[PDB]
Amino acid sequence: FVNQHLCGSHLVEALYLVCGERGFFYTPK
Amino acid sequence: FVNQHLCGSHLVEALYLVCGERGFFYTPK
Amino acid sequence: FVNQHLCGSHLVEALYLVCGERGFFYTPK
Amino acid sequence: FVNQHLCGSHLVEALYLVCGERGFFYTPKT
Amino acid sequence: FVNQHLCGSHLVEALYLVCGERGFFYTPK
Amino acid sequence: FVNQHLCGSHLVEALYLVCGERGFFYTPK
Amino acid sequence: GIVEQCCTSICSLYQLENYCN
Amino acid sequence: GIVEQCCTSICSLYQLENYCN
Amino acid sequence: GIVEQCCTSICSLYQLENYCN
Amino acid sequence: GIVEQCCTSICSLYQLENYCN
Amino acid sequence: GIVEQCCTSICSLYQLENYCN
Amino acid sequence: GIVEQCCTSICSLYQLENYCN
Ligand SMILES: Cc1cccc(O)c1
Ligand SMILES: Cc1cccc(O)c1
Ligand SMILES: Cc1cccc(O)c1
Ligand SMILES: Cc1cccc(O)c1
Ligand SMILES: Cc1cccc(O)c1
Ligand SMILES: Cc1cccc(O)c1
Ligand SMILES: Cc1cccc(O)c1
Ligand SMILES: [Cl-]
Ligand SMILES: [Cl-]
Ligand code: NA
Ligand SMILES: [Zn+2]
Ligand SMILES: [Zn+2]
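- Per the PDB header, the title for this entry is "Structure of the monoclinic form of the M-cresol/insulin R6 hexamer".

What follows is the structure, encoded as structure tokens:
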């Protein structure tokens, strides 16, 4: 639902910063 | 490079929205 | 309502991306 | 260009906050 | 809570804009 | 260009994440 | 409108495009 | 704090300005 | 346009208010 | 997944790192 | 990579789709 | 200041902690 959708947008930003050069895969499920 | 860092942050948010349930991979490498 | 405020912030950014050169009106009401 | 694209993304968020309940109109047309 | 975490992320961006040259302190406690 | 404004916008969100409950201080100096 | 429709359940980008000018 | 004060009811710009330096 | 007016130099709150509905 | 794990309760930076490539 | 391809010049949402998995 | 130190060369999350309270 929308809450999970909003949370996910912030999660990918955090991963971007935390993972740096390593990169990351984002799998919502 | 900070300009690339900033661009990357926006790219990740664009990918999150465009890919949806499919998810995406962000490998800046 | 703050939840709606936060939802809107994200809607606005998605519209910016999806609408492109067409632009958009954000009319909460 | 990319710079204007990045700038615009922030402009819409500033307009969202500035305008509040009134809402706003965003057009990148020169 | 995550809702609080999400709300805070937006609050700091709003403070960044409203405070301008004055800057601000974000003290969640 | 508004590069310094854009940079600060991202710095603030990164500080929010990095600093947690300690919070942070943002001064555009 | 957009709020009633998209804050309640997830709108796809296609659905959001409806609100474009 | 600002969280308790602005995360349920929307704070106006003036209310936010109270947290500026 | 707004990008021309606000992306080279920063726009004031008053200048951004021009675009509110 | 990361949603289930981190959208109910807050994940630290260290825990998010668990999801990096 | 996506950086070289999309930060040097703008990528359409259609081009960004290449990075969905 | 943080702008002088972090807006040309990327500050590591480690470096950014210098600006925490
Ligand atoms: C992209 C987006 C943001 C917020 C709500 C939605 O339904 C969709
Ligand atoms: C602008 C803003 C963001 C988050 C909560 C608020 O009350 C106000
Ligand atoms: C990106 C941005 C935000 C606010 C004012 C501006 O002129 C530009
Ligand atoms: C940084 C962050 C964002 C969203 C959810 C989390 O648990 C953590
Ligand atoms: C949507 C988006 C963000 C940043 C760069 C791009 O080319 C495209
Ligand atoms: C390129 C693209 C992807 C998804 C929805 C759209 O309206 C456009
Ligand atoms: C995380 C971040 C944002 C902006 C500039 C930096 O050096 C680092
Ligand atoms: Cl949110
Ligand atoms: Cl930016
Ligand atoms: Na690895
Ligand atoms: Zn940006
Ligand atoms: Zn949010």
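Having seen it, we continue.
### Regarding the coordination of the zinc ion (ligand 12)
Each pair of donors in an ideal four-coordinate tetrahedral metal site encloses 109.5 degrees, whereas pairs in an ideal six-coordinate octahedral site enclose 90 or 180 degrees.
Here is step 1: Binding of the zinc ion (ligand 12) to the protein goes through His10(A) (NE2), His10(C) (NE2) and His10(E) (NE2), at separations of 2.0 Å. With one member in each of two chains, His10(C) in helix α1 (residues 2–19) and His10(E) in helix α1 (residues 2–19) form a pair that bridges those chains.

### Considering α1(C)
Side chains of residues three or four places apart in an α-helix project in the same direction, reflecting 3.6 residues per turn.
Residue and element names in this part refer to chain C.
Here is step 1: Along its 18 residues, α1 runs 25 Å from first to last C-alpha, staying within 8% of the 26 Å computed at 1.5 Å per residue.
Here is step 2: Across the 18 residues of α1, 14 count as buried, placing the element largely inside the fold.
Here is step 3: In the stretch just after α1, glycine 20 is the one whose phi turns positive, near 55°.

### Let's talk about the site of ligand 7
Here is step 1: Taken together, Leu17(A), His5(B), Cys7(F), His10(F), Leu11(F), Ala14(F), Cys6(L), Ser9(L), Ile10(L), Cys11(L) and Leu16(L) make up all the residues around ligand 7.
Here is step 2: With respect to ligand 7, its neighbouring residues span chains A, B, F and L.
Here is step 3: At 2.5 Å from an oxygen atom of ligand 7 is found a main-chain nitrogen or oxygen belonging to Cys6(L).
Here is step 4: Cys11(L) places a polar main-chain atom, nitrogen or oxygen, 2.9 Å from an oxygen atom of ligand 7.

### Observations concerning the state of the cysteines
Here is step 1: Within the structure shown, the criterion is met by 18 disulfides over all chains.
Here is step 2: A sulfur-sulfur distance of 2.0 Å marks the disulfide that ties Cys7(A) to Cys7(J). As the torsion about the S-S bond is roughly -90°, the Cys7(A)-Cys7(J) disulfide counts as left-handed. One end of the pair, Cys7(A), is in helix α1 (residues 2–19); the other, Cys7(J), is in the loop between α1 (2–6) and α2 (13–17), on a second chain.
Here is step 3: Owing to a relative accessible area of 5%, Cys7(A) belongs among the buried residues under this scheme.
Here is step 4: Residue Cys7(J) is classed as buried on the basis of its relative accessible area, which comes to 13%.

### Some remarks on helix α1 (residues 2–19) of chain D
Here is step 1: Taking 1.5 Å of rise per residue, the 18 residues of α1(D) would be expected to cover 26 Å, and the 26 Å separating its terminal C-alpha atoms lies within 8% of that figure.
Here is step 2: Positive backbone phi, at 55°, marks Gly20(D), one or two positions downstream of α1(D).

### Regarding the site of ligand 2
Here is step 1: Within the structure, ligand 2 sits among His5(C), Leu17(D), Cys7(E), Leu11(E), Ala14(E), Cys6(H), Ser9(H), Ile10(H) and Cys11(H).
Here is step 2: Around ligand 2 the close residues trace back to chains C, D, E and H.
Here is step 3: Between ligand 2 and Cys6(H), the relevant distance is 2.6 Å, taken from an oxygen atom to a main-chain nitrogen or oxygen of the residue.
Here is step 4: Between an oxygen atom of ligand 2 and a main-chain N or O atom of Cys11(H), the distance comes to 2.9 Å.
Here is step 5: With 3 residues, the top contributor of residues to the shell around ligand 2 is α1(E).
Here is step 6: Residue composition of the shell around ligand 2, grouped by class: 7 nonpolar, 2 polar and no charged.

About the thresholds
- Residues numbered from 1 in each chain as written, not as in the entry; some residues may be left out.
- Chains lettered and ligands numbered in written order.
- Heavy atoms only, no water.
- Residues with missing side-chain atoms left out of burial classes, pairs and counts.
- Donors = N, O, S within 2.8 Å, 3.2 Å for Na, K, Ca; no water.
- Helix = DSSP H or I, 4+ residues; strand = E, 2+ residues; numbered from the N terminus.
- Expected span 1.5 Å × (residues − 1).
- Buried < 20%, exposed > 50% of the residue type's maximum accessible area, 1.4 Å probe, protein only.
- Near = heavy atom within 4 Å.
- Polar contact = N/O pair within 3.5 Å; in protein donor to acceptor, adjacent residues only side chain to side chain.
- Disulfide = S-S within 2.5 Å.
- Nonpolar A, V, L, I, M, F, W, Y, C, P; charged D, E, K, R; others polar.

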